[PDB]
4 protein chains.
Amino acid sequence: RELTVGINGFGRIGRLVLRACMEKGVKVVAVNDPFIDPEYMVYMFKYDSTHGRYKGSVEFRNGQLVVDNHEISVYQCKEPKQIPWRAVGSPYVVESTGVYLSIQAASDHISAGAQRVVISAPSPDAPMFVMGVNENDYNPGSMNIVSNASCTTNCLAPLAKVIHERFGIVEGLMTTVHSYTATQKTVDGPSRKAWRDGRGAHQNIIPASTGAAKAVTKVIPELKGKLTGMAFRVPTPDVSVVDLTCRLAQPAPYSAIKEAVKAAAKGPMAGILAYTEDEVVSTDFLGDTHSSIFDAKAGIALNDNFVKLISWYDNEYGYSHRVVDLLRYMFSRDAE
Amino acid sequence: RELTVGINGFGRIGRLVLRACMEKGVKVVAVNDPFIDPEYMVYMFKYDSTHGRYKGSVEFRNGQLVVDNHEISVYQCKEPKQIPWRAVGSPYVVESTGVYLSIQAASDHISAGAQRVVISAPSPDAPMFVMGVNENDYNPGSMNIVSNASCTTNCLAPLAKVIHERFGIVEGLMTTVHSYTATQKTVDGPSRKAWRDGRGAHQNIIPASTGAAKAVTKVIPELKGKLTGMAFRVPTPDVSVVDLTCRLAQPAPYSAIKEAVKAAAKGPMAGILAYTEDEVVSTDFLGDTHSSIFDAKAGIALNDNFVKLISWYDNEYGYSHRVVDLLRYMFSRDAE
Amino acid sequence: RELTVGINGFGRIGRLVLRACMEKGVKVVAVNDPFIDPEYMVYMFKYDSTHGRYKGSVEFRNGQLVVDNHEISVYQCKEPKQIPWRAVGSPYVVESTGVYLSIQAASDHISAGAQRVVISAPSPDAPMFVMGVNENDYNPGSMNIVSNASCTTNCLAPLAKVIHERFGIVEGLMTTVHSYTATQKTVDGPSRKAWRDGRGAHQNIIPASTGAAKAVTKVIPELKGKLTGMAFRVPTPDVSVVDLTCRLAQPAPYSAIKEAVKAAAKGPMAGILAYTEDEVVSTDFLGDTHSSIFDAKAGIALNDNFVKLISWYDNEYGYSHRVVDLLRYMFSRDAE
Amino acid sequence: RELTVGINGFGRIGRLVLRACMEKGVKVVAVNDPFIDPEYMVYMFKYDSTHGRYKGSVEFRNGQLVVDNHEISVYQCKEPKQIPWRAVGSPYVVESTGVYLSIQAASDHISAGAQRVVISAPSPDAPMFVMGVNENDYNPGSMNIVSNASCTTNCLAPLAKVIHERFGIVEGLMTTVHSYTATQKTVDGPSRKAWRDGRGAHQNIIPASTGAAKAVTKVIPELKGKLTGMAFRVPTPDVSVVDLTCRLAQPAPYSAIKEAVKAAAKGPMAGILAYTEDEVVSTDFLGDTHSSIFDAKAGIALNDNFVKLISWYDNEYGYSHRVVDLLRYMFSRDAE
């Protein structure tokens, strides 16, 4: 009768998704990771450089991870096919390894026992959702596997939706100034598919490709062809900011832009898109659970039709919470 | 008969302008700074965290700073009026303290003995120059005091000039992702005129106002009303990047944008604007003496009329060299 | 009938002492700072890059700072002698500006109506106290102005006491590997009294003098002449670590060293000195309220009489809580 | 008739040993790395975030790496035994991958045709050499595989020798305050063998084990049992500093300590051990080719027999130059 969750991979998104589940009362029945044994999972979950010590209890005993006295099964399978998901009640599975992105690859979870799969990363072919934008397009019959898109897409789409629906977006170009991540290197090292991403992450501003802005045009079809962008990786370990430069159809004096965002944040997009007029900086959004926080004082307009809009996101914490939100939402629709 | 230079202030721009003078064979006859005595000036000039040890010799003896066996007079005057510029041959003076920006304030140098003044910072009323863009607008009779604009304006204007003259700029919005500076704080401290700039510089992405993009519309009058922008201060100690989002009149497929920049870099803007197709990151421009380095692979286009252009600058080193370039240029025009 | 506290200075220690007071239920009745008005105080207090958003409510009204609905008077006096401590009931005053350190300088607070003064920094002549080590030597009858020593002294002294009393320290040399602070510079800038300290804090490992080890011999007299030390400032914004290399008189196999510290932490020094065997790093102590956290696994012994002991401290947060603890203790003794 | 060098591994030490070879005029005839092709080698070699652009020319052609017009063969073999060292004239081989450290593992290079092997890292069994300390113990007749020890061993050993020989070391404990390296992580990630080392390198001060101090007792036998140590990894990308706390046998006032190091640096250890009295910080040693730079002003003495001595090293650049120096020395002795 209840929503139960299994997590594949115990990287940053895996661990932070478990925190978000504990916060929101969602029961996690198991974690799979081939390289991290239970006693080490305890340590990695407990201590976090970015988000502080876990605010409950974390122990292991009897080969089990134990979080707030909830016992969590631990497997060590190298391949999704091997995971005894049936042995833990066929949970919804979060697929967070970053290496099984296609519907096909992910589907090994289903063969193994998983009721649904949320891929915590963009997917080439799996259907893609952004809470607050298009979750009511989830089709429980035909969708056994979904993607929660990217952290960056989750920041941008709520905002794009609001601006477009109010003023119409003729065209826009996005920069995200983004914290470095686990895919980067501490000092100049090998990154043969993307040379810049090898260069030392703490020393450099690193230009990087991203599909995030374009992905927005998939969860918001009417923006097809009107959005793209790029990224600069900078030396901060978490929190990122969207810089959307857009041409708007209807006149859009900045006061009306502020009132539109405010109304969305107070109403339909509450808990997803937030609004602030404070003199904020990136660390003020560490631990923020919103997908997108509009920075009113930071944006600039050239005129009533050409504007730069600024929105923050905790690229780790916002997105992890949205994965749990998606799971909960899906579960409330799969009982039909 | 020769160009001689005096420097007021021995902050980063003061010290780096002296390096650029030594590099380019320009004779500096004196430095003024009330707080930094000669023996300490030796130390600060010799050792640099960002640009390495001075590659010549630096000593003091007989109350004098001595650089490469060129003896440099040192004064300790708190006010520009007091500086015996006549005592050192009425040099051209670089005014680099950041606190005498108006024609009026700066003119105290002239009362004190200075032939011309270059203000190494934007000025509200003083005439403003960007080498490669508008230096042939310098009027030797009426201009006793000029500003070399900002580091950021020197990055953007060469590029704007090229793009506008080739394709026409309808409108553009600029972000600079910029290294932190001396005006910032190591940890959250007081910045009552601009609250965000108080927050710890190494920990944060900090949105900030800048007049740089607008300043471009002053050295390039035909762009009046068509450019503005803003800044993010990020945790790197030097090198910054311009992200210009612009709508162009003439069609501007990216290949033609690349060919226009390349032609300018190879020709009229050689030594000012450079062009690269390498997989570069910010540290690859430490010590670069160009005002502006176009990053061909980093830019993105939505279509032939809406594009994001990326250009790097060593915000300390490029600008310091341009100050020396301005001085040399002015001197070659004041003998008329 | 109850402790009330005035705080001179709203720098990092002033703001974080105010947090500690709210956490421990100590009434603060005024803050003085000539440069920071109430509205800006709200902002500086509410948002912290290191320690996060204040967990509670912060507003201004009626020229007052209001924290969790407790109203706090705000004065703007440049000098202690001018602050109307009498008008707010003659509280205990925390002198946190770092420029009134002698009994003579700090006594201007007394002459302005302060009941007592705690200097949140080493004093050349005021009596010095480390909670857990020597607070029992405070005497209300003879002492109206006291020093809470430094953050570093508060980390080493509790460890030195445990170790001296159990084994006897023959001699010891300390290094502290220490986060940068507000006295440092974002980029190479002026620091005429200590040239290294002007070099860019986030770029460098910076050797510095410190009297913290010698200060321990002031609060633990029997160690007179047996301890000194030095510091390295490194590119982290908070949390620091003591590295004590000492020769011990009695045999001291590491297992006994461990049982002695553990014993002190569970009993007489509980809340002051903590003990851990986990694989900790500096961020694991952000927000830690202990003065000193012994890291059992990080230390190393050459032999039974020559060992290197490692202890962590949040140099901001531990010290601030100790300031409040000394205030409460002093008040509990002033009822005599 | 001349030294030729093959390099296995094009990681940081491989690339910087190649730089050192070009600077010192040592012919490199091949590089092996299974993962990095010639075109990517050109890029990794040409641009360096820490040490700047290669000062010279770098190209690829004909499946070769070409540096300052010297052609260098490139192999892509996963195993030493497979590299055709014979085909390039049986050079001396630098084993720089860090995973062939035993005589047995490194001897596969010999079986593949290498004349000699220098392991650029500590070896469990191969003979270990520090230039300036014990290179005189190398013997071509018995030794075809050698270790150049570690960066840290090369900083401490030259200082320990000078101090032991002048004063006698009774006992010593070392800390190295050390830049992060490629074995570390940008954000909390996996490190199952050393849990601390997986924690985010730029966020943390990280305690670590090191055998560097004990290794000094291998190259200076008379110090057997008299030295051990540990490390803190801190958020800088290069340059590190040894902090030696030692008890000395003969009286050793600091002025004599200073004259002993100065004497060694001007004479027998010139180019290996340097001496400075300036107010230096870590960035002042970027690109320094010494093994060890004694910092006179940073050290402190408790008394004539118990002192803390501080020495700097560029852990990348000094060590790399030492690898080349050992190669040249070995070759000068193989003509016997």
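Residues numbered from 1 in each chain as written, not as in the entry; some residues may be left out. Chains lettered and ligands numbered in written order. Heavy atoms only, no water. Residues with missing side-chain atoms left out of burial classes, pairs and counts.

Going by the header, the method for this PDB entry is X-ray crystallography, and the resolution given is 1.8620 Å.

The name given to chain A in the PDB entry is Glyceraldehyde-3-phosphate dehydrogenase, testis-specific, and the organism recorded there is Homo sapiens. UniProt's Pathway comment on chain A is quoted here verbatim: "Carbohydrate degradation; glycolysis; pyruvate from D-glyceraldehyde 3-phosphate: step 1/5." Regarding chain A, the UniProt comment filed under Sequence similarities reads as follows: "Belongs to the glyceraldehyde-3-phosphate dehydrogenase family." (UniProt positions renumbered as here; feature names shortened; annotations may be inferred.)

Engineer: Would you mind showing me how to read the overall build of chain A here?
Structural biologist: Assigned secondary structure in chain A consists of eight helices and 16 strands. Considered along the principal axes of its C-alpha atoms, chain A spans approximately 65 × 50 × 35 Å. Put simply, 68% of the contacts in chain A that link residues at least 6 apart link residues at least 24 apart. (Helix = DSSP H or I, 4+ residues; strand = E, 2+ residues; numbered from the N terminus. Contact = heavy atoms within 4.5 Å.)

Engineer: Just to check I follow, could you spell out the packing of helix α1 (residues 12-24) of chain D against helix α7 (residues 317-333) of chain D for this structure?
Structural biologist: The axes of two packed helices give the description: the angle between them and the distance between them. Residues and elements named next belong to chain D. One way to put it is that α1 packs onto α7 with a least axis distance of 8 Å and a crossing angle of 60 degrees. When the axis of α1 is compared with that of α7, the two are oblique. At the point where α1 passes α7, the crossing takes the right-handed sense. Residues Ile13, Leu16, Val17, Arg19, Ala20, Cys21, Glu23 and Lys24 of α1 form the contact with α7, whose own contacting residues are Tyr317, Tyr319, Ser320, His321, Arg322, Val323, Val324, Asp325 and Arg328. (Axes fitted to C-alpha atoms, helices over the stretch in contact; angles between N-to-C directions. Parallel < 35°, antiparallel > 145°, perpendicular 65-115°, else oblique. Left-handed = near helix turned anticlockwise from the far one by under 90°.)

Engineer: Quick question: what am I supposed to make of the interface of chain B and chain A here?
Structural biologist: In many reports, interface size means the accessible area that the parts give up when they come together. At the interface, 49 residues of chain B touch 49 residues of chain A. When the area that chain B buries against chain A is broken down by residue, the three leading residues are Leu173, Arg196 and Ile205 of chain B, summing to 18%. Where chain B meets chain A, there are six salt bridges. Between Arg196 of chain B and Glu279 of chain A there is a salt bridge whose closest N-O contact spans 2.9 Å. Counting the contacts that link chain B with chain A gives 18 residue pairs in polar contact. (Buried area = accessible area lost by both parts, 1.4 Å probe. Salt bridge = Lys/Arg side-chain N within 4 Å of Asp/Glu carboxyl O. Polar contact = N/O pair within 3.5 Å; in protein donor to acceptor, adjacent residues only side chain to side chain.)

Engineer: Even after reading the chapter, I still don't get helix α5 (residues 212-219) of chain C, so can you show me in this structure?
Structural biologist: The periodicity of an α-helix, 3.6 residues per turn, causes residues three or four positions apart to be oriented the same way. Residue and element names in this part refer to chain C. Of all eight residues making up α5, six are buried, and the element is well covered by its neighbours. What α5 keeps buried is the set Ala212, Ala213, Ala215, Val216, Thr217 and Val219. Those residues of α5 hidden inside the fold are in contact with α4 (151-167), β9 (169-179) and β11 (227-234). (Buried < 20%, exposed > 50% of the residue type's maximum accessible area, 1.4 Å probe, protein only.)

Engineer: In this structure, what is going on with the UniProt feature "active site" in chain A? I would like to understand it.
Structural biologist: Residue and element names in this part refer to chain A. Following the UniProt record, the feature "active site" maps to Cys151 here. Considering the arrangement of structural elements, one finds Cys151 in helix α5 (residues 151-167). Not counting chain neighbours up to four residues away, the residues in contact with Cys151 comprise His178, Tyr313, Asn315 and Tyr319.

Engineer: Would you mind going over the packing of aromatic side chains with me for this structure?
Structural biologist: Note on aromatic pairs: each is described by the distance of the centres and the angle between the planes. All told, the structure shown has 42 aromatic pairs over all chains when counted by the stated rule. Here the aromatic cluster, defined as three or more aromatic residues joined through ring pairs, consists of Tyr40, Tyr43 and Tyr47 of chain A together with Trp195 of chain D. A cation sits over an aromatic face here: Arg19 of chain B above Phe45 of chain B, 5.8 Å from the ring centre. (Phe/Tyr/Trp six-rings, centres within 6.5 Å; stacked < 30°, edge-to-face > 60°. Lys NZ or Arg CZ within 6 Å of the ring centre and 35° of its normal.)

Engineer: Can you walk me through the nonpolar core in this structure?
Structural biologist: General note: in soluble globular proteins, nonpolar side chains tend to be found buried as a group. Residues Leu18 and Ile257 of chain C together with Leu18 and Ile257 of chain D are the most contacted members of the largest nonpolar core, which totals 195 residues. Looking at which element gives the most residues to this core, the answer is helix α4 (residues 151-167) of chain D, with nine residues. Core analysis: the next-biggest nonpolar cluster, separate from the first, contains 112 residues, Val17, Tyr40 and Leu326 of chain A together with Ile272 of chain B among them. (Core = buried A, V, L, I, M, F, W, Y, C linked by side-chain atoms within 4.5 Å.)

Engineer: Would you mind going over α4 of chain D with me for this structure?
Structural biologist: Between the first and last C-alpha of α4 of chain D there are 25 Å, a value that for 17 residues agrees with the 24 Å anticipated at 1.5 Å per step. Across the 17 residues that make up α4 of chain D, a large majority, 15, are buried. (Expected span 1.5 Å × (residues − 1).)

Engineer: How should the interface of chain B and chain C be read in this particular structure?
Structural biologist: On the chain C side, the residues contacting the 33 residues of chain B number 33 residues. Counting the surface chain B buries against chain C, the share from its top three residues, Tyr40, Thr186 and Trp195 of chain B, is 23%. The tally of links between chain B and chain C comes to zero salt bridges. Counting the contacts that link chain B with chain C gives 18 residue pairs in polar contact. When contributions to the side of chain B that touches chain C are tallied by element, the ones reaching two or more residues are α1 (12-24) and α2 (38-46) of chain B. Top element by residues in the side of chain B that touches chain C is α2 of chain B. It accounts for four residues. Residues belonging to the side of chain B that touches chain C are distributed by class as follows: 12 nonpolar, 11 polar and 10 charged. (Nonpolar A, V, L, I, M, F, W, Y, C, P; charged D, E, K, R; others polar.)

Engineer: Looking at this structure, how should I read the domain arrangement of chain A?
Structural biologist: Residue and element names in this part refer to chain A. Splitting chain A by domain gives domain 1 (1-148 + 316-336) and domain 2 (149-315). The gap between the C-alpha centroids of domain 1 and domain 2 is 26 Å. Taken together, the contact pairs 20 residues of domain 1 with 24 residues of domain 2. With both sides pooled, the region where domain 1 packs onto domain 2 buries about 1,700 Å², and carbon together with sulfur makes up 61% of that total. Our enumeration of links across domain 1 and domain 2 arrives at zero salt bridges. There are 10 residue pairs in polar contact connecting domain 1 and domain 2. Residue contributions to the side of domain 1 that touches domain 2 peak at five residues, all from helix α8 (residues 317-334). When grouped by side-chain class, the residues that make up the side of domain 1 that touches domain 2 number nine nonpolar, nine polar and two charged. (Domains from an automatic or database assignment.)

Engineer: Please explain the sheet that holds strand β3 (residues 58-61) of chain B as it appears in this structure.
Structural biologist: Strand-to-strand pairing in sheets goes through backbone hydrogen bonds, with the strands running parallel or antiparallel. Residue and element names in this part refer to chain B. If you trace the eight strands from one edge of the open sheet to the other, you get β3-β4-β5-β2-β1-β6-β7-β8, paired in mixed fashion. Looking at which strands have only one partner, the edges of the open sheet turn out to be β3 and β8 (145-147). Going across the sheet, the axis of each strand differs from the next one's by a mean of 25 degrees, ignoring polarity. Pairing between strand β1 (residues 4-8) and strand β6 (residues 92-95): four bridges, direction parallel. When the sheet's bridge partners are listed, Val5 is paired in β6 with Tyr92. The strands touched by α1 within the sheet are β1, β2 (27-32), β4 (64-67), β5 (70-75) and β6, with β1 carrying the most contacts at an inclination of about 165 degrees. (Pairing = 2+ DSSP bridges.)

Engineer: Could you clarify how one ought to interpret the relation of the copies chain B and chain A in this entry?
Structural biologist: The operation relating the two chain copies consists of a rotation about an axis and a shift along that axis. Each copy superposes on the other: chain B lies on chain A with an RMSD of 0.0 Å after a rotation of 180 degrees and an axial shift of 0.0 Å. On this basis, the relationship between the two copies can be described by a two-fold rotation axis. Within chain B, the C-alpha atom positioned nearest to the axis of rotation is that of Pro235 of chain B, 2.9 Å from it. Mapped onto chain A, 100% of the interface residues of chain B again fall at the interface, so both copies present the same surface. (Least-squares fit on C-alpha atoms.)

Engineer: What exactly am I supposed to notice about the UniProt feature "binding site: D-glyceraldehyde 3-phosphate" in chain A here?
Structural biologist: All names here are of chain A. Annotation from UniProt places "binding site: D-glyceraldehyde 3-phosphate" at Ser150, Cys151, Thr152, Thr181, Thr210, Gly211 and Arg233. Taking the relative accessible area as the measure of exposure, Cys151 reaches 21% and is therefore partly exposed. Considering the arrangement of structural elements, one finds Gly211 in the loop between β10 (206-209) and α6 (212-219). Note on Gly211: relative accessible area 51%, which makes it exposed.

Engineer: Where do I start with the pattern of salt bridges in this structure?
Structural biologist: Side chains that carry opposite charge are capable of pairing whenever their charged atoms lie near each other. If you walk through the whole model with that rule in mind, you get 70 salt bridges over all chains. With a shortest N-O distance of 2.6 Å, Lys161 of chain A and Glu165 of chain A are connected by a salt bridge. One end of the pair is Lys161 of chain A and the other is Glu165 of chain A, both in helix α5 and four residues apart, which spans about a single turn. Here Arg12 of chain B and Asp48 of chain B are joined by a salt bridge, their closest N and O atoms 2.8 Å apart. Of this pair, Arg12 of chain B sits in helix α1 while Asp48 of chain B sits in the loop between α2 and β3, and the two are 36 residues apart along the sequence. Residues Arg12 of chain B and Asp48 of chain B agree in their burial class; the two are buried. Ionic contacts of the salt-bridge type, sharing partners, join the residues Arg12, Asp48 and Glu316 of chain A into one network.

Engineer: Explanation requested: the sheet that holds strand β5 (residues 70-75) of chain A in the structure shown.
Structural biologist: All names here are of chain A. What the eight strands build is an open sheet, ordered β3-β4-β5-β2-β1-β6-β7-β8; its pairing is mixed. At either margin of the open sheet sits one strand with a lone partner, and together these are β3 (58-61) and β8 (145-147). Between one strand axis and the next, the sheet turns by 25 degrees as a mean value, whatever way the strands run. Across four bridges, the pairing between β3 and strand β4 (residues 64-67) is antiparallel.

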